[PDB]
Amino acid sequence: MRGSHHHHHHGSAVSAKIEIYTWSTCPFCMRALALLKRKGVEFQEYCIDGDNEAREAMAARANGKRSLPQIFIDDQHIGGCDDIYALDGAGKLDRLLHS
């Protein structure tokens, strides 16, 4: 396989699992999406507009919270828009993303 390949016992390649539950038109969700997009990271958005079943699935993972958005990185609950911005302002978010 021609190319410039990195080796460090990675095995099968996998990357940060980044998830965000949103309503598309929530201004807090929009602000959080903008931050993740500006980082350039690959991520999954669960847009749950009008979907109560999905909100209950979200609350089950997010400490019972139904507020939006809810963000997870590598299966760890990070919190909402304020939480991710606070992490970035503290110089801690890139390391979680990771780098």
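When we follow the entry's author numbering, the leftmost residue of the sequence shown carries the number -10, and every step to the right adds one.
Here a beta-carbon is modelled for each residue, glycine too, at the ideal position from N, C-alpha and C.
Item	Value
Could you give the DSSP three-state label for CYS18: helix, strand or coil?	helix
Under the three-state reduction of DSSP, which class applies to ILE73: helix, strand or coil?	helix
Buried or exposed: which applies to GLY(-8), given that a residue is buried once 16 or more other Cβ atoms fall within 10 Å of its Cβ?	exposed
Go ahead and pull the three-state DSSP assignment for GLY80.	coil
Suppose the cutoff is 6 Å on Cβ atoms and the five residues either side in sequence are ignored; what does the same chain contact list for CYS36 look like?	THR11, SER13
Specify, as a first and last residue, the run of the beta strand (DSSP E) that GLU42 falls within.	Run containing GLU42: none in the beta strand (DSSP E); it sits in the alpha helix (DSSP H), 41 to 50.
Do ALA23 and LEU86 have their C-beta atoms closer together than 7 Å?	no
Per DSSP, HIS66 forms a beta bridge with which residues?	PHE61
Is it buried or exposed for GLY69, if we count other Cβ within 10 angstroms and need 16 for buried?	buried
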